[PDB]
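Below is one structure, written out as structure tokens; the observations come after it.
Number of protein chains: 4
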Amino acid sequence: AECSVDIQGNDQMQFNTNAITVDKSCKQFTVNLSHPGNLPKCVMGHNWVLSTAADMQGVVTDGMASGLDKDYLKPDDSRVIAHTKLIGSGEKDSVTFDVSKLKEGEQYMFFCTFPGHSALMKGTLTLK
Amino acid sequence: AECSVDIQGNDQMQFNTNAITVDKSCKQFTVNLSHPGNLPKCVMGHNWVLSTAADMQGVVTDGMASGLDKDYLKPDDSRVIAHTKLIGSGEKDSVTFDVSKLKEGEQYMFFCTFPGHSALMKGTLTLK
Amino acid sequence: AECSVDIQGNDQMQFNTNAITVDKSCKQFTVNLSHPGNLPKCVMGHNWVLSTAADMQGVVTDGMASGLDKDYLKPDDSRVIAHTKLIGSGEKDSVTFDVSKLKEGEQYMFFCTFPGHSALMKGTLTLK
Amino acid sequence: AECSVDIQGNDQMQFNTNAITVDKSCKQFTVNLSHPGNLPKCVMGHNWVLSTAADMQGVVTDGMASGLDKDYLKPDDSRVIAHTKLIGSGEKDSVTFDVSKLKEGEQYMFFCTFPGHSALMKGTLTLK
Ligand SMILES: [Cu+2]
Ligand SMILES: [Cu+2]
Ligand SMILES: [Cu+2]
Ligand SMILES: [Cu+2]
Numbered sequence: 021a022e023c024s025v026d027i028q029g030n031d032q033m034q035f036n037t038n039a040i041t042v043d044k045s046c047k048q049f050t051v052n053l054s055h056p057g058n059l060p061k062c063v064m065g066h067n068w069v070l071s072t073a074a075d076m077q078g079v080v081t082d083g084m085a086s087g088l089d090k091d092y093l094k095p096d097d098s099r100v101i102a103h104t105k106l107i108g109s110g111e112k113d114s115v116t117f118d119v120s121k122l123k124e125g126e127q128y129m130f131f132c133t134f135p136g137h138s139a140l141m142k143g144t145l146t147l148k
Numbered sequence: 021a022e023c024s025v026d027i028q029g030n031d032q033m034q035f036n037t038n039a040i041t042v043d044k045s046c047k048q049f050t051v052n053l054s055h056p057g058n059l060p061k062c063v064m065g066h067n068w069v070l071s072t073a074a075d076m077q078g079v080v081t082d083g084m085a086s087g088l089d090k091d092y093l094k095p096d097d098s099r100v101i102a103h104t105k106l107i108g109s110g111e112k113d114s115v116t117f118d119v120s121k122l123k124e125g126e127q128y129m130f131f132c133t134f135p136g137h138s139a140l141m142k143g144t145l146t147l148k
Numbered sequence: 021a022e023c024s025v026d027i028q029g030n031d032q033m034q035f036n037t038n039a040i041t042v043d044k045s046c047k048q049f050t051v052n053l054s055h056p057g058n059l060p061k062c063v064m065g066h067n068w069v070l071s072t073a074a075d076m077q078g079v080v081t082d083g084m085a086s087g088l089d090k091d092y093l094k095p096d097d098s099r100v101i102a103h104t105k106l107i108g109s110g111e112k113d114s115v116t117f118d119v120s121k122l123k124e125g126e127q128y129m130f131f132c133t134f135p136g137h138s139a140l141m142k143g144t145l146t147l148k
Numbered sequence: 021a022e023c024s025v026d027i028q029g030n031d032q033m034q035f036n037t038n039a040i041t042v043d044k045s046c047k048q049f050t051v052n053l054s055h056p057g058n059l060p061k062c063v064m065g066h067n068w069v070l071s072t073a074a075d076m077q078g079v080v081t082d083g084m085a086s087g088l089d090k091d092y093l094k095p096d097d098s099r100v101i102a103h104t105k106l107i108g109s110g111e112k113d114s115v116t117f118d119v120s121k122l123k124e125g126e127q128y129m130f131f132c133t134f135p136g137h138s139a140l141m142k143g144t145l146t147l148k
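Protein chains in written order, with UniProt numbering: chain A, 21 to 148; chain B, 21 to 148; chain C, 21 to 148; chain D, 21 to 148.
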């Protein structure tokens with residue numbers, strides 16, 4: 021729609037898209053994450069995390085150490101522009117953030133920080 | 021069978037077993053690893069690494085640093101009692117080691133050193 | 021010891037005992053549950069739930085419906101005399117209850133409410 | 021624009037142009053590489069490497085041996101005038117170099133050092 025996107029994470033460890041475009045006219049953007057799979061949060065938990073291409077590796081590495089309890093995210097990680105919680109099969113979650121936090125020109129990557137998933141579950145977010 | 025076990029690592033990031041039992045009457049034990057998945061060594065490559073429960077973390081951390089070229093294994097890591105190579109979809113590999121290297125009473129863990137997989141891909145190997 | 025018992029739930033879906041005896045002289049009894057397995061709460065979680073033999077089936081069925089979030093227990097289930105929480109690999113939990121709640125002569129059963137586990141995970145708790 | 025060019029490498033293993041013209045009036049030149057594909061750095065990763073036509077074969081052959089960890093480029097290869105990183109699907113990267121390094125009259129070749137890609141991924145860079 022406008023200023024919002026519907027994204028899914030399945031048991032095949034994939035997002036149903038790898039490119040999100042945020043319209044500059046939007047004050048804020050909304051990401052709706054859903055898990056149409058069957059596997060529970062331990063095995064196939066997904067979340068949606070946004071940050072600069074430069075910070076991904078960092079977030080992913082620290083998230084893994086945080087553990088399942090912390091939704092595989094370092095508490096109050098400054099590198100994380102926005103994020104949903106870790107959801108499992110059948111669950112759902114959404115997050116809205118201020119388009120202002122994004123700065124035209126830079127590279128933005130979204131991905132799941134569940135151990136091993138960033139390998140396949142990642143994509144670019146562009147501010148056009 | 022006797023003195024050998026068949027183990028699999030799939031695209032869902034899991035081993036098809038988490039407990040292996042090595043009979044003391046065996047002079048050597050063989051582990052046959054196979055990858056019935058579809059994803060390439062890249063994203064979902066697996067391996068089977070054996071070590072003491074105490075050394076797991078150490079091995080996992082250093083392997084990650086060694087990189088995909090090194091099969092996510094520190095070259096000549098003394099803590100590794102035995103290991104297969106990193107295999108991808110459709111591939112296969114095996115490794116035989118001398119049961120003597122195992123000392124009854126201690127704790128042994130087997131796991132995959134591919135970045136993130138240890139979270140779920142790991143089990144206990146016991147000498148009975 | 022006296023007025024306390026140490027019980028375990030492993031990955032093989034089994035308790036390390038199927039009979040518990042509560043001495044009448046005890047004012048209260050304590051159960052210490054521990055999970056020596058490797059599998060996470062999703063797949064191989066366990067809890068220790070006590071009730072009359074007659075209510076077990078009822079508790080198990082409703083517990084299943086309550087879902088993982090509720091520790092596979094119907095909230096405020098009156099048929100439940102005592103219970104630990106659902107624990108996964110490496111975790112631990114304990115519960116102490118008043119021996120008074122038990123009434124000599126009746127039949128008591130303890131079991132795990134995680135889906136499918138009550139088939140093997142259950143035992144009798146006697147007041148001698 | 022002026023003193024910069026936008027180039028692409030897709031999943032079909034091709035550059036969106038095989039000729040780049042650098043204006044001598046430029047002090048330095050900028051190449052912006054983007055990967056509009058879907059395949060990961062792993063299978064369809066690309067990079068932009070500049071060198072004399074005479075050196076290409078050498079760079080490609082050694083870059084291949086360096087491995088994926090090295091971005092398929094021998095470390096500190098003197099034959100490489102300039103280069104971007106090895107990028108995957110959705111990623112992006114740029115490299116700026118001093119036009120001075122180029123010497124009018126000689127032949128310059130750009131290409132991707134990913135195993136096999138040089139067959140189709142290469143072009144000429146002229147200093148006019
Ligand atoms: Cu995920
Ligand atoms: Cu693996
Ligand atoms: Cu259980
Ligand atoms: Cu290429």
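Backbone N, C-alpha and C fix where the C-beta goes; we use that ideal spot for every residue, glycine too.
- Residue side-chain check: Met129(B) keeps its Cβ at 7 Å or more from all non-hydrogen atoms of ligand 2.
- Apart from the 5 residues on each side of it in sequence, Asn58(B) sits with its Cβ closer than 7 Å to the Cβ of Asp31 and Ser109 in its chain, given in chain order.
- The beta carbon of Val63(A) falls within 8 Å of a beta carbon belonging to chain C, placing the residue at that interface.
- Residue-level contact by beta carbon holds for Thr144(B) and chain C, with a gap shorter than 8 Å.
- Distance between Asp43(C) and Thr144(C), taken at the CA atoms: about 14 Å.
- In this structure the region 67 to 87 of chain C does not lie against the region 129 to 141 of chain B, because fewer than three pairs of beta carbons, one per stretch, are closer than 8 Å.
- For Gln127(C), same chain residues with a beta-carbon under 6 Å away, outside a window of 5 residues either side, are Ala73 in chain order.
- Screening all residues for a C-beta within a distance smaller than 7 Å of any heavy atom in ligand 2 leaves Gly29(B), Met33(B), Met64(B), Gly65(B), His66(B), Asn67(B), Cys132(B), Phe134(B), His137(B) and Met141(B), in chain order.
- In the displayed model, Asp26(B) falls within a strand according to three-state DSSP.
- Taking the CA atoms as reference points, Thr41(D) sits about 7 Å from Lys148(D).
- For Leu59(C), the C-beta contacts it makes with chain B under 7 Å involve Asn38, in order along the chain.
- Pairing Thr104(C) with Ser114(C) gives a Cβ-Cβ distance under 8 Å.
- For the 8 Å CB-CB criterion, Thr133(D) and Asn38(D) do not form a contact.
- Using a CB distance below 7 Å, the part of the UniProt domain "Plastocyanin-like" (21 to 148) of chain D facing chain B consists of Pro60, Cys62, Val63, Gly87, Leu88 and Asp89, ordered along the chain.
- Under the DSSP assignment, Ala39(C) falls in the beta strand (DSSP E) whose first and last residues are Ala39 to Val42.
- Residue state for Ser45(A) is assigned as coil, using DSSP reduced to three classes.
- DSSP, reduced to helix, strand and coil, places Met33(B) outside both helices and strands of the structure shown, so it counts as coil.
- Annotated three-state conformation of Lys105(A) is coil, per DSSP.
- Linking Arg99(C) to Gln34(A) through their CA atoms gives a straight-line distance of about 43 Å.
- The continuous alpha helix (DSSP H) containing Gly78(A) extends over residues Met76 to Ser86.
- Within the model, the alpha-carbon separation for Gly29(B) versus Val63(B) is close to 13 Å.
- For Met64(B), the enclosing alpha helix (DSSP H) starts and ends at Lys61 to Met64.
- Looking at the DSSP output, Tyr128(D) sits in a beta bridge with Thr72(D) and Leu145(D).
- According to the DSSP secondary-structure assignment, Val119(D) is paired through a beta bridge with no residue.
- A buried status is given to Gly65(B), since no fewer than 16 other beta-carbon atoms sit within 10 Å of its beta-carbon.
- Your pair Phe49(B) and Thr116(B) checks out as a contact, with CB atoms roughly 7 Å apart and the cut at 8 Å.
- When beta bridges are read from the DSSP output, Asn52(D) appears opposite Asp26(D) and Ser114(D).
- Here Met129(C) has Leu70, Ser71, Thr72, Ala73, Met76, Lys142, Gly143, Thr144 and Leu145 as same chain residues with Cβ atoms under 8 Å from its own Cβ, once five neighbours each way along the sequence are excluded.
- The distance from the Cβ of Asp89(B) to that of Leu93(D) is about 14 Å, inconsistent with a contact at the 8 Å cut-off.
- The beta carbons of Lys47(C) and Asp118(C) sit about 7 Å from each other, so the pair counts as a contact at 8 Å.
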